[PDB]
Amino acid sequence: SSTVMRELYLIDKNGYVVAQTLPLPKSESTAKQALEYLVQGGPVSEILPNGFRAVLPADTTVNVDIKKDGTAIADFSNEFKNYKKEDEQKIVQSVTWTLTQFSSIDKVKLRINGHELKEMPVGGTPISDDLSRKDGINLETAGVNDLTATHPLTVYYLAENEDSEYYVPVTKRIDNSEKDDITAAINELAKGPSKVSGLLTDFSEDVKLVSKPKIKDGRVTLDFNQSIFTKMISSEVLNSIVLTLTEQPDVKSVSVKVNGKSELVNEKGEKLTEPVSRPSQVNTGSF
């Protein structure tokens, strides 16, 4: 009533940048307000869920200028510099993903006291002129990654703490020989996250698509084998699918079938015959 539910990209106890959807006071400058609620020791302290921490250094202030081309310019005070090197990429991703939740913002530029950032101050992490969700989040960097032979794709895995389950986006490397990123996403969901990553998958490893996905007017149709599930598909599996696929360009909804038929039911026993769209609140927080 006096608040609006807003995505804040906080840092969880294992180091992941993660959306927590939290009640923020009505405001005339919502993009600016969202960033203000990333500031350590600021108003977010009162609504900070357990197992998460704020992102920007204490006493950081910010202006946000939203251009007509969809670019938001976030101009920070000098306290912005007062972070640990280890958090450098987290901060860029947090700000980027927090700003781009708004339909008027799809690109981000960073400034400190009006000075344009081509790199982050503490550790020199490069920032591109075009900064968006496509620059990834929680990048998988374990092992040898051939960036010439792979492309980034964001996939949501499951985490949990005392209070709740929540969905954590991770940018994986997909082989460039895969031209179907819908299928790639599903295969990655079935494979599950890295071992000892603080993440889990509710997918069986045997899950496969049995038909090529179709897409029509932003609606993806998936046809699974029996491993996907009375024929119940779990909420964790369904949410993961939908969050993951609706990160992809032009995907607005997902319909699910098993071996040709719309026979899947959810945990409430409801038949899933219609397209499921992205949750209105991603990772509602508990405080």
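Numbering starts at 1 and runs along the sequence shown.
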Count I, L, V, M, F, W, Y as connected when their side-chain heavy atoms are under 4.5 Å apart, and connections chain through other members. Are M232 and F224 then in the same cluster? no
Quick check against the 3.5 Å criterion: does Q248 have a side-chain atom that pairs as donor or acceptor with the backbone of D181? yes
Given the rule that I, L, V, M, F, W and Y join up when any side-chain heavy atoms are under 4.5 Å apart, are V265 and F203 in one cluster? no
For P193 and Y157, the nearest pair of non-hydrogen atoms, with its separation, is N-CE2, 3.5 Å
Evaluate whether atom CZ of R173 has more than 12 neighbouring non-hydrogen atoms of other residues, nucleotides or ligands under 6.0 angstrom away. yes
Shortest non-hydrogen contact from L222 to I241? CD1-CG2, 3.7 Å
Assess whether side-chain contact (heavy atoms from CB on, under 4.5 Å) is satisfied between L38 and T60, documenting all intermediate values. CA-CA 9 Å; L38 299 178; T60 302; over 6 Å; no
Just wondering, are more than 12 heavy atoms of other shown residues or ligands nearer than 6.0 Å to CD in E205? no
Over 12 non-hydrogen atoms of neighbours within 6.0 angstrom of NZ in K26: yes
Distance (rounded to the nearest 0.5 Å) between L99 CG and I73 CD1: 11.0 Å
So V55 and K90, side-chain contact (heavy atoms from CB on, under 4.5 Å) or not? Walk me through it. CA-CA 8 Å; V55 176; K90 299 181 204 302; 5.6 Å; no
Over 12 foreign heavy atoms within 6.0 Å of CD, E46: no
Locate the shortest heavy-atom distance separating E236 from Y167; write the atom from each residue and the value. CA-OH, 3.3 Å
More than 12 heavy atoms from other groups under 6.0 Å of CG on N113: yes
Tell me the closest heavy-atom pair linking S253 and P275, and the distance in Å. OG-CB, 3.4 Å
Is the side chain of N239 donor-acceptor paired with the backbone N or O of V242 at a distance under 3.5 Å, no angle test? no
Is the side chain of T201 donor-acceptor paired with the backbone N or O of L189 at a distance under 3.5 Å, no angle test? yes
Counting N and O atoms only, with roles assigned by atom type, does the side chain of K32 sit under 3.5 Å from a partner on the main chain of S27, one being a donor and the other an acceptor? no
Compute the centroid of each ring, for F52 and then for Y166, and state whether the two points are separated by less than 6.0 Å. yes
What's the verdict on side-chain hydrogen bond (donor to acceptor under 3.5 Å, both in side chains) for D175 and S177, showing C-alpha distance, side-chain angles and the deciding distance? CA-CA 5 Å; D175 280 333; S177 59; 4.9 Å; no
Are the charged groups of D87 and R53 less than 4.0 angstrom apart, N to O? yes
Will you find, in the side chains of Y9 and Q101, an N or O donor that is under 3.5 Å from an N or O acceptor? no
Just verifying a value: how many Å separate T98 OG1 and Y37 OH, rounded to the nearest 0.5 Å? 14.0 Å
So CG of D223 and CG of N259: to nearest 0.5 Å the spacing works out to 6.5 Å
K231, NZ atom: more than 12 neighbouring heavy atoms under 6.0 Å: yes
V92-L139 co-clustered via ILVMFWY side chain contacts under 4.5 Å: no
For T125 and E88, does a side-chain donor sit closer than 3.5 Å to a side-chain acceptor? yes
If you round to the nearest 0.5 Å, how far is CD of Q33 from CG of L24? 4.5 Å
Got a donor-acceptor contact below 3.5 angstrom from the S262 side chain to the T273 backbone? no
Would you check if the side chain of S255 reaches a backbone N or O of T221 as a donor-acceptor pair within less than 3.5 Å? no
Distance col, row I182:CD1 vs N187:CG, nearest 0.5 angstrom, shows 12.0 Å
Interatomic distance, CZ@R133 vs CD@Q93, rounded to 0.5 Å, equals 11.5 Å
Side chains of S128 and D130: is there a donor and an acceptor less than 3.5 Å apart? no
Give a yes or no on whether the backbone of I137 and the side-chain of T171 come within a donor-acceptor separation of less than 3.5 Å. yes
If we ignore hydrogens and angles and just use 3.5 Å, is the side chain of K208 paired with the main-chain N or O of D206 as donor and acceptor? yes
Run the side-chain contact (heavy atoms from CB on, under 4.5 Å) test on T96 and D135 for me, step by step, so that the C-alpha distance in whole Å, both residues' side-chain angles and the decisive distance to 0.1 Å come before the verdict. CA-CA 9 Å; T96 299; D135 293 292; 6.0 Å; no
Please determine whether side-chain contact (heavy atoms from CB on, under 4.5 Å) holds for the pair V18 and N283, giving the CA-CA distance in whole Å, both sets of side-chain angles, and the decisive distance to 0.1 Å. CA-CA 9 Å; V18 190; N283 292 339; 3.6 Å; yes
Can any side-chain N or O of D202 pair as donor or acceptor with the backbone N or O of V237 at less than 3.5 Å? no
Would one find more than 12 heavy atoms of other residues, nucleotides or ligands at under 6.0 Å from atom CG of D250? no
Donor-acceptor check, side chain of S45 to backbone of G42, threshold 3.5 angstrom: yes or no? yes
Got a sec: does the NE2 of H151 have more than 12 other heavy atoms crowding it under 6.0 Å? yes
Consider only side-chain heavy atoms of I, L, V, M, F, W and Y, link residues closer than 4.5 Å, and tell whether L8 and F287 are in one cluster. yes
